[PDB]
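Just one chain is shown here, as structure tokens, and it is the form deposited in one PDB entry.
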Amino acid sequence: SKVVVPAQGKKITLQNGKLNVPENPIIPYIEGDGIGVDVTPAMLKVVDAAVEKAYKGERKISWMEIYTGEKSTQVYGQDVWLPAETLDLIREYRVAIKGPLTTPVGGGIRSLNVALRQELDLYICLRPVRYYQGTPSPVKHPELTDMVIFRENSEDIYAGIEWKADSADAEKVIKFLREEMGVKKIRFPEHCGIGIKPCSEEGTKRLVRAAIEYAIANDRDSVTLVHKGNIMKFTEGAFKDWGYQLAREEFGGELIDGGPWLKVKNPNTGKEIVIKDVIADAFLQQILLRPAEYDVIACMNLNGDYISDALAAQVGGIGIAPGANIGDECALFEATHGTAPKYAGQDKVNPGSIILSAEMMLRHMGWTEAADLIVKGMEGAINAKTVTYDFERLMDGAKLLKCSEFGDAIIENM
């Protein structure tokens, strides 16, 4: 095992769904491939400064490197891309952070980000998107976007259940569908690839339960179930209907005049929360035209994959969008962008995706005060037009900063 546990840290423990976070917690981190070598050192500098400015010395994180991706073959052997040890270790230390990851081609494995998500049963991909004043945006009014995506991570088409065209197994599957199930709707059965998309009662409800609980705790105004439920009646329509049934049964929602929309009342607050639904293709237009009407969004794995990237772009956040995959027994926060090898080692890219996922991390842990400091920091740096090439390209009069230098500018504005 080649991980070295810090000598002075202590482990987070989970007691009754609530975290027990010590003053010296050990947090494992995965450096990441590609530009992970640039953004990750900046996020450690900055999380470390945010806990010192905040808790004035009492709290310290003991960071612990663990491995996945190309940096793990360089450490464990040519063919070890996801060591079982990292899975045990994220479950054991309960909270962790990672940078971008390379999956090699063909060679068995799925996509390492999905493999972690699924193997560790991290069913909530929580990706909030919000505007930071100052970001170059391609949209006229990007400040209307404050949204939070709850993307179901354990099923949908992402389960990887598929077969290559013309292989024996694909043909078996199609002899099955035609002969045993009476399926006449395949246009070209020869030279045809097949994939299976599953959507289940427990899988959508644990996600929507999470989404409506997230709305109540943070006093948000609506939850939108988005779906292409009119073509995919039983995976995606069932997703809309189960989500409505969950808000009636467990949250006591009741009809708004004709319906279908339900109103769930916030028990801590009195405000009513709307549970509504939008067909998925009209949603991608609604988020650009009426973006103030939407808030928490709940969806299956593929739709959420796309909604979040569309949303991140309109607010000018391709490179600063945060992300977290959360399950019942642990969480893994991540940079949402790729590895970008062209720019690796050159200290120029924007480190704000992983830093803002460290914000989510701390907030999860309960160190709200360090986490609000990291967003005070980043709102200052961007507003001082002090920024990395990606934002400098598009801006009228800014100071170009290296990636390390931008972490310092965040510490500077706390």
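We number the residues from 1 along the sequence you see.
Quick note: we don't show the form deposited in another entry, though the next part is all about it.
Asks: Treating the chain as two rigid parts that move between the shown form and the other one, state whether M300 and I355 fall in the same part.
Replies: No - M300 and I355 lie in two rigid parts, which move independently between the shown form and the other one.
Asks: Distance change of 3 Å or more between the C-alpha atoms of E250 and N20 in the other entry: closer or farther compared with this structure?
Replies: Relative to this form, closer in the other entry.
Asks: Specify closer or farther for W367 and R220: how their Cα atoms are spaced in the other entry versus the shown form, given a shift of 3 angstroms or more.
Replies: Closer, not farther.
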